[PDB]
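Note that the deposited numbering gives residue 122 to position 122 of the sequence shown, counting from 1, and the numbers run on in steps of one.
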Amino acid sequence: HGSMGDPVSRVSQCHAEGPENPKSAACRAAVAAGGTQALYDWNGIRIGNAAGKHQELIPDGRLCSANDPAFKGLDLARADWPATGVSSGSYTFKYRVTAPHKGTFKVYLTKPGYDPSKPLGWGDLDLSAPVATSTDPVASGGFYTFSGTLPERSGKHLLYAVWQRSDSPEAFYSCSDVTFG
Ligand SMILES: [Cu+2]
Ligand code: NA
């Protein structure tokens, strides 16, 4: 259980605003669409029986909720999700982990031309060249820390992190909004 901490996941960012009266238009829309409970369960975007079949199990437009209706407010195609500013180059990812598990993280970045006003699909992600991978990182202080590389990009983008357990078919999913502008 967990979610991306740096760059902060969309679910954790809405939680940090105060789920009962969010600050941003985007998080207010997420709560009107899917309720406040999702934000308290920020560490629980999961598929119990994924077994590496992410693209088979998760429809386009359902990546940020992992096709769980509880999290459907996170699927909105907003141009205005609050975003972490990033730059191309080496990057130290921090994944906020509330329950450690053996397994592998892969982090994918949207392709050039990404339009956040359209639903997120697998086709929008560069799945052939993950920006980071980490197998069995060591939890410390409530985080996994692992490095990768953000490639050259120009404007609004999204990072999609898949955490597949190795002792279990369960996986966890995180989308983080970023901008290179
Ligand atoms: Cu867990
Ligand atoms: Na975005």
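The beta carbon of each residue, even a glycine, is placed where N, CA and C say it ideally should be.
As assigned by DSSP and simplified to three states, the class of residue i
i      : result
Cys64  : coil
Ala161 : strand
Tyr114 : coil
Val97  : strand
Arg46  : strand
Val86  : coil
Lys72  : helix
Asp41  : coil
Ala51  : coil
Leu127 : coil
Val138 : coil
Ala26  : helix
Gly5   : strand
Heavy atom of ligand 2 within 7 Å of residue i beta-carbon
i      : result
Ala26  : no
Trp42  : no
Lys156 : yes
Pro22  : no
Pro119 : no
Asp136 : no
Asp60  : no
Best match in the options for proximity to residue i [C-alpha to C-alpha]
i           : options                       : result
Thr104      : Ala161, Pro69, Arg153, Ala30  : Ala161
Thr92       : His157, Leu150, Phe172        : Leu150
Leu120      : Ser3, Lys72, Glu152, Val97    : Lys72
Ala30       : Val131, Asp80, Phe172         : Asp80
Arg78       : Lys118, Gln164, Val138, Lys23 : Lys118
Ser147      : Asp126, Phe172, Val107        : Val107
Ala32       : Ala70, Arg96, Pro59           : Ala70
residue 192 : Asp115, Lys102, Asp68         : Outside the shown range of the chain, which is 1 to 181, sits residue 192, and nothing can be said about it.
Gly48       : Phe143, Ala66, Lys23, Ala26   : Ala66
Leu125      : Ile45, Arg46, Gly61           : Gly61
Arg96       : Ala25, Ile45, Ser24           : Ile45
Residue i beta carbon near ligand 1 (any heavy atom closer than 7 Å)
i     : result
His1  : yes
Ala83 : no
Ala99 : yes
Sequence-distant residues of its chain with Cβ nearer than 8 Å to residue i (five each side left out)
i     : result
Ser87 : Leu150, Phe180
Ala50 : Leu57, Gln164, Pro169, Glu170, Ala171
Cut-off 6 Å between Cβ atoms - residues of its own chain near residue i, not counting five sequence neighbours on either side
i      : result
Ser176 : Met4, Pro7, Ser9, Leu159
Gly34  : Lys72, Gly73
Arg153 : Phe180
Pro19  : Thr36, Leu39
Expected contact under 8 Å - CB spacing of residue i and residue j to nearest Å
i     : j     : result
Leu74 : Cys64 : 4 Å
Cβ shell of residue i (< 7 Å), same chain only, five flanking positions each side left out
i     : result
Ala83 : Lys156, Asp177, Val178, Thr179
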